[PDB]
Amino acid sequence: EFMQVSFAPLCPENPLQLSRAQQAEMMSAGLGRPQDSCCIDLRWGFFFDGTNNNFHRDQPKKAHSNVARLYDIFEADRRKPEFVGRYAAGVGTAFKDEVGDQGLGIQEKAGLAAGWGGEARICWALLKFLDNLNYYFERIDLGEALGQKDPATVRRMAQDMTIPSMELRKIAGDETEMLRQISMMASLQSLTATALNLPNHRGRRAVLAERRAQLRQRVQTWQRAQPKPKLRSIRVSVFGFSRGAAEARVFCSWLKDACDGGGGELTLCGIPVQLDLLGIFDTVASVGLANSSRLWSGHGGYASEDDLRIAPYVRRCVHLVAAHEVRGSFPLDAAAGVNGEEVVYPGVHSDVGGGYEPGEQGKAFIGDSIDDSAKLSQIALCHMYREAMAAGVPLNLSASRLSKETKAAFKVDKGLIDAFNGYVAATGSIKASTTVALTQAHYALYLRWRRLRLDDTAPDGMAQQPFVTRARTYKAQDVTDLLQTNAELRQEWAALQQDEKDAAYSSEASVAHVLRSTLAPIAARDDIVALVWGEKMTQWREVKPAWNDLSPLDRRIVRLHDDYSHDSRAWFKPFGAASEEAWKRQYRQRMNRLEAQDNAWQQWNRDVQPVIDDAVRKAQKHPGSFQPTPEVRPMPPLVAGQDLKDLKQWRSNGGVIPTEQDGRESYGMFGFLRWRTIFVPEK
């Protein structure tokens, strides 16, 4: 039983069409068998969205993820209560009636920065697991039938919902986030005192055991009253993206807590439970601040190494991973130990899990029109759809309840199919056998694309390409992201070419200056700067051969990166404003303040000017008075420096808000000239 590694297969001409083998698998899964016989199989899907992915918030802009899209088409038919799908919002977004996560304020920042709220979402889905069986019998969830609101129940189950707001403030702070990145990058134990905030394992099990006892009495009552049809089995499938894939894995490990009292094969109220498919997109944990180990590795809180291991009763795991994701905040957690496939896909994190809005960064165009069907992540979506159908998951694209918009989310433009398959064909000779080697080989080709597009005065520069022209028509901030990030890559390379001349660390190294300038908590700790510097130079030497490879790149590879894949380092601004809307709000607030401060000074000037003129005319009339100057009211503070320049421009141009120019991960520590960090399971 093992995870076979490969690159993405060619996308079929109809990506929703099952292969002959997959159509056989679907039939043997039981989907389609009848209730005419004595028995029934319940089929339950659990869908955990990724960081800052929220289905109802993001579907209107067609930016809902591949997890949300598959959930949307899971059967929700009042005539089929045996099929139940449940959706957990991504961390950093609202999940309020479910767990009490408001998705604003410090709760939002802690969820985005550190995965806070993931434990609570797993606990909620474990309650839903019990609710699903009550719903079969009674058409109402069990907590609702008991008058028990889910947030209060989850708070008895989940440590993260008890963390005090002042502690959440610490977890989310800017400087704390710099320290987490340094700890991740340099394998450094925390320099500051931190809290572990481990899961409330005992409370979670205790709550599930009492909830399960309430469930068992009802199930036994209804089975006695009406034993037909017999409940033959419960078939579970679990899907996740990003931190939702870390949650999905830990949910599979903790599913034992919701099933009948331990001892052999999983059952619920005597009914066999089987886990037919774990379908996960690019697993990223990066949770918490520390754990009980020497190396935190992003494996804090619920996301321990032990529980991230694919649970042994997972019958099939399909893990689609992003070949070209390289952000330091998004290390990959590889999956092994069960039957299935780990398949490397082109693009960055949300080119595989979904979630870009069509048109962002000038991608997902058909001619000059924005079109969701041309989004790269549509290919991986259909791959997971075919695997879910083959595993017996009751996704129903034909259901009459479905919206036009819901069904259009599974459309795939033939131009994207051709560009995707051209990429696969151009790289078919690579043939690496592990996920680390396969991703590094495809990232090496990406680096050669970046070098091709590096000189933004030249015809082959990124700035001169059609996708940047399209980005300009879509959103000014996207162009700034793209081109500022290319400028930062020129700086990254120049700093490394300078610093590689001397293998020994110096305080005057270029990269050292970058680190001190961008990482305030360690700017006075030259020894820590030296440690980060040493790892950065090691990473450069790893990728230098690819970056320096000036052999022509296959045209098919260039086209995919120009027109389909996104640049996730470019837009990700953990040290900028919380969002573009927040950036704009803060600029308007700053200008409003500067206007008030200037209107206060100008009004002082007009009150004082007559007094100063009057003292002049008098000294002219009596040049001998020692006319000492008159005292006036205290002068309000002067708008000066950059503040005055911005205010002047703001008045002149009528209120144009400049785009946000920086805020990305430091290129002195992460940047493009590195390999993505990938944790490969213990064996």
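Just count from 1 along the sequence shown to find any residue number.
When the C-alpha B-factors of 594 to 602 and 462 to 470 are averaged, 594 to 602 comes out higher. Averaged over Cα atoms, the B-factor as recorded in the entry is higher for 26 to 34 than for the other of 26 to 34 and 56 to 64. Taking the PDB entry at face value, the top CA B factor among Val639, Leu42, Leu70, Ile657 belongs to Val639. Remark: of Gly85, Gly118, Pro610, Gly328, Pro610 shows the highest value [criterion: C-alpha B-factor in the PDB entry]. The deposited CA B-factor of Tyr587 belongs to the middle third of values across its chain. Annotation for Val5: CA B-factor lies in the middle third of the chain's modelled residues.
Among all modelled residues in its chain, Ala172 ranks in the highest third by Cα B-factor.
In this PDB entry, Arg674 carries a Cα temperature factor that places it within the middle third of its chain's modelled residues. Compared with the other modelled residues of the chain, the Cα B-factor recorded for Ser400 ranks in the highest third.
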